[PDB]
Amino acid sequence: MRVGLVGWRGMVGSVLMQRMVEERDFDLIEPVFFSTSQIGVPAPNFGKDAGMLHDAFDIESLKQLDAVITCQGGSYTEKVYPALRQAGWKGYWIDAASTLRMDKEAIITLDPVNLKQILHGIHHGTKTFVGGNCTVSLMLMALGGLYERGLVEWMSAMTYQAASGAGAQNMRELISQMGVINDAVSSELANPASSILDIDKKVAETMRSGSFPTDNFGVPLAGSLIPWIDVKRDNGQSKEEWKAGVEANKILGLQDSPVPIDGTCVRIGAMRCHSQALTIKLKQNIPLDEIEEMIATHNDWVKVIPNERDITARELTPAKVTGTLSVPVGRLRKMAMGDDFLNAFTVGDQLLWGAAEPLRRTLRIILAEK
């Protein structure tokens, strides 16, 4: 199978390339690498010689592929995909971008949750497979066990989203902001006798100052938060908040009887893990031990963290999870509202299960089943 890689050089793409090298995915395919800025120079060598970088916008080049895996983004998909399909291309389009998620001809791919749906699509002629929004995917990797048993009546999701979700430059800005904060008070920090109110005054001044690097975020992220992600929608939701409901219900095949999913999506000063605090209304009073088992046994990556203080602090954090495929979920307990209310807190890496991982896994499923 001849497979085109688009957007391989960027952040999501680079994570994908690393994982494909680790799992030796290139042994299984004839890779063809594409570019927008380096067309015609030698392609990267990830174990296999793929020749030259091809033109990402050249429909005649793309047409010759059996599949495309693209991490290039929505603008690219909007330009290229319709032209490709119109040209009669029947190849597999595997996409990180949100563009085609809600298209009737596309399946949102998160195989530990919806493998059967993916297999059914492959059998019955589906050629477009799209990764879900990072938040949706990470939530379902954590709570798949509850959703598959149809136990969720509704869910409120308050998120703690890392800078990586906004982009590589936003991550860089976060770290730079951290540096500027510390620089402003490094002297008083080194002095044990210094006043916390003096330190605080300078930190606040610095974060507000013109010189504080805010070109990407518009406002500080380090030392703060931003309770709005993506464009506004008519009902008052941000696009990020809206994605959860429509995408999860499509993945789960519940579009005829959708689970209400809503909440506030908040950007915090984490590097590359998204965390979520969930109020989960269940249809039945189910004992906590049974809930924990249902959750734990759903997939190989979810990890139930015992509701104890010290283990939570060590395990249920971005610092622990970053750069790993582990999806810990903890603080599992019934809430004051009733024994059909379940509290959960989960953390997952935004670039792995939230981006790159479903793409490479979908490739392997297609290879086995086509």
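Under this definition, the rigid core comprises the largest set of C-alpha atoms superposing within 1.5 Å between the forms. We number the residues from 1 along the sequence you see.
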Is 185-193 or 224-232 the stretch whose C-alphas end up farther from this model in 4 other deposited structures of this protein after a rigid core fit? 185-193
Give, as the answer, the stretch of 309-317 and 40-48 that departs more from the shown form in 4 other deposited structures of this protein; the measure is RMS Cα distance after a core fit. 40-48
Is the mean CA B factor in the deposited entry higher across 346-354 or across 18-26? 18-26
Mean C-alpha B factor from the entry: is it higher for 189-197 or for 261-269? 189-197
Highest Cα temperature factor in the entry, among the options 232, 202, 90, 172: which one is it? 232
Can you pull the Cα B-factors for 337, 332, 325, 68 from the entry and say which is highest? 337
Please say which third, lowest, middle or highest, residue 302 falls into when its CA temperature factor is compared across its chain. middle
Please place residue 320 in the lowest, middle or highest third of its chain by C-alpha B factor as given in the entry. lowest
Where does residue 132 sit by CA temperature factor within its chain: lowest, middle or highest third? middle
Can you tell me whether residue 239 has a C-alpha B-factor in the lowest, middle or highest third compared with the other modelled residues of the same chain? highest
Ordered by C-alpha B-factor within the chain, which third holds residue 177? Give me lowest, middle or highest, please. lowest
